[PDB]
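Shown next as structure tokens: one chain only, the form deposited without the DNA.
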């Protein structure tokens, strides 16, 4: 339960709003920019950790990456934007 408590301490603290937050339209957790999140927030809650380790723990607790929507004529996706949903 150590991970979960840190997860909520992180997501439900408005001071982290710019790096990770509940989605406006939906019930998912959004990390607008992966690199910024790893730089600014991860070190504050998870010492000596990286994004892959973080995602592996999120997956262990039911949260998975949402399939990104391919945008425009280039069918582009911002690889740095990550959204997670819970199996519920």
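Numbering follows the first chain given and starts at 1. Note that the rigid core is defined as the largest set of C-alphas that superpose within 1.5 Å between two forms.
- Item | RMS CA shift, core-fitted in 5 other deposited structures of this protein, bigger for 18-26 or for 5-13 | This comes out as 18-26, the stretch further from the shown form in 5 other deposited structures of this protein.
- Message: Considering only other entries where residues before and after it are modelled, is residue 77 without coordinates in at least a third?
- Response: It is, since residue 77 is left out of at least a third of the other entries that model both flanking stretches.
- Query: Taking the recorded C-alpha temperature factors, which stretch has the higher mean, 33-41 or 59-67?
  - Reply: So the stretch with the higher mean C-alpha B-factor is 59-67.
- Task: Could you check the entry and say whether 16-24 or 74-82 has the higher mean CA B-factor?
- Result: In the deposited entry, the stretch with the higher C-alpha B-factor mean is 16-24.
One more form of this protein exists, namely the form deposited with the DNA bound; it is left out here, but the text below deals with it.
- Query: in the entry with it bound, does residue 65 have a heavy atom within 4.5 Å of the DNA?
  - Reply: Contact check for residue 65: yes, within 4.5 Å of the DNA in the entry with it bound.
- Task: Considering only heavy atoms, tell me if residue 37 and the DNA come within 4.5 Å of each other in the entry with it bound.
- Result: Contact with the DNA, no.
- Message: Please determine whether residue 28 contacts the DNA in the entry with it bound, using a 4.5 Å cut-off between heavy atoms.
- Response: No - in the entry with it bound, heavy atoms of residue 28 and the DNA never come within 4.5 Å of each other.
- residue 59: touches the DNA in the entry with it bound, heavy atom cutoff 4.5 angstroms: Yes - in the entry with it bound, heavy atoms of residue 59 and the DNA come within 4.5 Å of each other.
- the DNA in the entry with it bound - contacting residues of 21-53, heavy atom within 4.5 Å: 46, 48, 50, 53, in sequence order.
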